[PDB]
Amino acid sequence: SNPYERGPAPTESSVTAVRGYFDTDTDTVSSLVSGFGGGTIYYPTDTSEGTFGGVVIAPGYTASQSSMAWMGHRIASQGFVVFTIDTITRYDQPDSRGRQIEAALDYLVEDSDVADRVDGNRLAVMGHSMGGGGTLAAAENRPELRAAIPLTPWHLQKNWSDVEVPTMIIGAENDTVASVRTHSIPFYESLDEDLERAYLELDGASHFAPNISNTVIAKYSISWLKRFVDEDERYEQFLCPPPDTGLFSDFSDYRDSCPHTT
């Protein structure tokens, strides 16, 4: 059986809930850490079912932890150790954000007081905007990563055909900052035809959708992490078959590689 399965059999309820099964706590990481600006670790207090996958989440240009904080307890409560990092400076570029995510993954797995609850073999990267660009850069440098979720990603590099990490790109229909025509769709279309991947385009959404509690983003993020970080087939349910994308659907567009096999 899957040794990495955590939590009860999921429902539409459970995956869209503001808090899942697991009681969660936080540890704060100082800006004194090398390689990034610190952050907050959100982690399940219940260790009886075994260790959890670790997930670093990077902010965008001018922003910090607080723009992504809502994902902390909401993802962690599903059975993840979730690291909402700050960057060294608010003006750090995507490649720099990418390096800061890698440092944060290493800090989480090697140095954090919760490292004993993280399975260092099962790690994921997420990030908003330039942090999304950062997420691709990390995914590209670290093919051992189980899952990558760029959110309204921004990057001057368009070609990511080398990424070996299951990639869910969530775009915003009406994004004028990281336009899906010039960022998300070029990035998605460049992925290996053999790679496990999704493109979610949120209907009439703006660049800031990822910084506001969003049930679509959370459901599909948790499903993607469960499927690839935990190899949890029980979440294939939520990803495959793909959802409808007519005009009062959550999605102006949805691209998929169903079924997933891990």
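Numbering starts at 1 and runs along the sequence shown.
- Greater mean Cα temperature factor according to the PDB record, 186-194 or 112-120: It is 186-194 that shows the higher mean C-alpha B-factor.
- Item | Per the entry, higher mean C-alpha B factor between 137-145 and 75-83 | Taking the mean B-factor of the alpha carbons in each, 137-145 is higher.
- Task: Can you pull the Cα B-factors for 53, 50, 204, 38 from the entry and say which is highest?
- Result: The listed residue with the largest C-alpha B-factor is 204.
- Candidate set 104, 126, 177, 88 [ranked by C-alpha B-factor, highest]: Among 104, 126, 177, 88, the highest C-alpha B-factor in the entry belongs to 177.
- Item | Third assignment of residue 163 from its chain's C-alpha B-factors | Residue 163: CA B-factor falls in the highest third of its chain.
- Message: Per the entry's values, where does residue 3 land by CA temperature factor relative to the rest of its chain, in the lowest, middle or highest third?
- Response: CA B-factor rank for residue 3: middle third.
- Chain-relative CA temperature factor third for residue 22: It falls in the bottom third of the chain.
- Task: Pull the Cα B-factor of residue 170 out of the PDB entry and bin it into the chain's lowest, middle or highest third.
- Result: Within its chain, residue 170 is a middle-third residue by C-alpha B-factor, going by the deposited values.
- Task: Going by the recorded CA B-factors, say which third of the chain residue 152 sits in, lowest, middle or highest.
- Result: Within its chain, residue 152 is a middle-third residue by C-alpha B-factor, going by the deposited values.
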